[PDB]
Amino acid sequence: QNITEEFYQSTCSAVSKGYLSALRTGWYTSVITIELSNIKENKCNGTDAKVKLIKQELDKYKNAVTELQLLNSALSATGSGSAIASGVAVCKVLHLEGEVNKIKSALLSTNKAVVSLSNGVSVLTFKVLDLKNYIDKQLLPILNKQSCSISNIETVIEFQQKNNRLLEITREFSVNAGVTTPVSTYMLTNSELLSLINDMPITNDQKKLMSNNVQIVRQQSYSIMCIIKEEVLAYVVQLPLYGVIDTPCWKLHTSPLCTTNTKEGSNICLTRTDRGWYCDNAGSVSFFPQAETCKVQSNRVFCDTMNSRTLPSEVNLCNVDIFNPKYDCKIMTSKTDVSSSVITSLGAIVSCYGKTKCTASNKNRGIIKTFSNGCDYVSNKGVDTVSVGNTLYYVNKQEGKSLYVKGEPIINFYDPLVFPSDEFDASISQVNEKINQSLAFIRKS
């Protein structure tokens, strides 16, 4: 079994079944903190070049802290916006009153610890960088003098190494208005992310999914700059929670269906509008119109429910009978008979109209299929490329069976004289109720 595909010659559409859902439904916010060192501008009387490198290094530390302070203005938000709303809610708790002392006390003994906030949110806190312990115990005795004298270059490089992460975090936040996605390694390293997942209150099997797909979790996470307060810098990393797992998913590919009679071009067209990803979800179906929202790993589909529409489960009847009386299947009518192709999971839909050259070829055996006027389909078995006019498409070399469901093209059932041929967002019954309107004008006059 695994990934299969069904093409409907009747409706010029294909369905890629066999996928398993993982759907984002929740968020887990985590507060990542960096201890900072509050220091006044010292005046080391000596002009030692070893110290001058430390002084200008310290200025980059000061400018980064100041840059982070200029982003706190940023945080107030509009309007939906709901993607980071759970993380922004945590930043507001960090302001009052003040809640930072509880994070300092918990991270005073360790680096990763759980903290309960004043609004009930129990957050995993992390201490990824301790700049305060460094600059005070190893840089303070160098500048806290008249003259400078004792200073080594290993401390200059050690400072640049411990500093660098901060500069990187500030740089990413600066050119992203305080919110970045995906979450970079500098925002949260893999060892920190893998440890963070293992400590989250989630299922034992949900941990293995996020651990086996850490690169996907980053692409669906947010890093939100919160406060800079009392020798502490804090930002929230908002991790996704997948409440819908292992339910079936299928991808719908649609292409224009037009009549191909010998006339100059006076033909009627028809195109299904319900293309996108579909996944069973809580007795209904979550529909994702923008395919760029879902990321497919192998046979698994990672989507965000916030970018989805929920349809009745009867929406799948359009893939069995477009004229079913249970669900009014969505179509659109026009006369734009321009050739195009869609590359499916295990094949390619080709809508060839006019004088366009539509072929499917093998890279060593030449052309193996030529498409006639109308909507057709070819499997990826033996095919390497698809050519429509002057643009070349590459067929997916994924293994799987393709089922060609032969059927009469639906557009042939309509009389072109009575056909409403410019419906932008209609449906099957919506076209039928308009055909009856035109027939009433003609017969009863």
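Start at 1 with the first residue shown and count on from there.
J.: Quick check: 160 to 168 versus 260 to 268, which has the larger average CA B-factor in the record?
T.: According to the entry, 260 to 268 carries the higher average C-alpha B-factor.
J.: When the C-alpha temperature factors are averaged for each of 169 to 177 and 126 to 134, which stretch ends up with the higher value in the entry?
T.: Higher mean C-alpha B-factor in the PDB entry: 126 to 134.
J.: Between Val115, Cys303, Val90, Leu311, let me know which has the highest C-alpha B-factor in the entry?
T.: Of the candidates given, the C-alpha B-factor peaks at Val115.
J.: Which has the highest CA B-factor per the PDB entry: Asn144, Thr359, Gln219, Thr247?
T.: Across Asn144, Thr359, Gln219, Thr247, the entry lists the biggest C-alpha B-factor for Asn144.
J.: Which third of the chain holds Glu231 when residues are ordered by C-alpha B factor: lowest, middle or highest?
T.: CA B-factor rank for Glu231: highest third.
J.: What third of its chain, lowest, middle or highest, does the C-alpha temperature factor of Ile32 fall into?
T.: Lowest third - that is where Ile32 ends up once the chain's C-alpha B-factors are sorted.
J.: Report the third (lowest, middle or highest) to which the CA temperature factor of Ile435 belongs, ranking only the modelled residues of the same chain.
T.: Ranked within chain, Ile435 CA B lands in the highest tercile.
J.: Compared with the other modelled residues in the chain, in which third is the CA B-factor of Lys369?
T.: Middle third, going by the recorded CA B-factors of the chain.
J.: Sorting the chain's CA B-factors, does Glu154 end up in the lowest, middle or highest third?
T.: Highest third, going by the recorded CA B-factors of the chain.
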